[PDB]
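Taking the form deposited in one PDB entry, here's one chain by itself in structure tokens.
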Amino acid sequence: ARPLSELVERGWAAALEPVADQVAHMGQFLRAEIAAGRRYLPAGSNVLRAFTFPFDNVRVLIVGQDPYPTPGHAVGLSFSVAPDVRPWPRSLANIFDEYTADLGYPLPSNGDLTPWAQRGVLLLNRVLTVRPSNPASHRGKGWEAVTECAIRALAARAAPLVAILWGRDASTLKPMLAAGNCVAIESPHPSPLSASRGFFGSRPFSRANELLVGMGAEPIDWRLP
């Protein structure tokens, strides 16, 4: 029970100012969900976690759909799990197969993507909560304006940005991001169902670095332990 500035990093609090009202609304929605006896993921204190790393250092945004639907998996950073979670969700296993294929680094030891978030990657979902076992259950309930505002804010900075958009809902952001300082990469989602359609082979990590370097920005260090 805090205002924006307390929920997110200082730069993000400034960026998300237009949606402070909407964030408060979403808190009221989630309260109502609990009152009704429906659950949501991730934990309340993690819902805005992706915005707890500096808005200024963001260079890449990875965007997915909505949080993992299995309790114990979603932690407020898209695609990430806690470092003691295994087996990994299949989407993450597929992401890590593409990581090794693209970059040649060893398979990660765990599924925690916190290093990426600490290095300038925004790990966003288009929708920031979900009911358990019910993927896409909070689509259309008010998060989209919040995540739109985030993206537009990033795209408005006088800095290079690369977006990696995984799946259909993320793909909706592409036109928003398209001024000349912003470059979006789009592919099918890494989940098993969709990955065969073009996630594998997409080389998003090396491509995003080629793009950053070509715009004069530092590349991302993608290495995971």
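Only residues modelled in both forms are compared. From 1 onward, residues are counted along the sequence shown. Take the two forms, superpose them, and find the largest set of C-alpha atoms that agree within 1.5 Å; that set is the rigid core.
Across the two stretches, 76-84 and 133-141, the PDB entry reports the greater mean Cα temperature factor for 133-141. Judged by mean Cα B factor in the deposited record, 176-184 ranks above the other of 176-184 and 152-160. In the deposited entry, the Cα temperature factor of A20 places it in the highest third of its chain's modelled residues. Sorting the modelled residues of the chain by their CA temperature factor places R59 in the middle third. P106 sits in the middle third of its chain by CA B factor, as recorded in the PDB entry. Placement of the Cα temperature factor of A217 within the chain: middle third of the modelled residues, per the deposited record. Sort the modelled residues of the chain by CA B factor and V8 lands in the middle third.
From this point on, the text means the form deposited in another entry, which you will not see here.
Here the rigid core is superposed between this form and the one not shown, and of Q65, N46, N181, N57 the C-alpha of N181 is the only one to shift by 2 Å or more. For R197, the Cα coordinates differ by 2 angstroms or more between this form and the one not shown after the core has been superposed.
An increase of at least 3 Å in the separation of the C-alpha atoms of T129 and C182 is found in the other entry, compared with the displayed form. Relative to this form, in the other entry the C-alpha atoms of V127 and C182 separate from one another by 3 angstroms or more. Legend: core-fitted overlay between this form and the one not shown; highlighted is 179-197, the single run of at least 3 consecutive residues with CA shifts of 2 angstroms or more.
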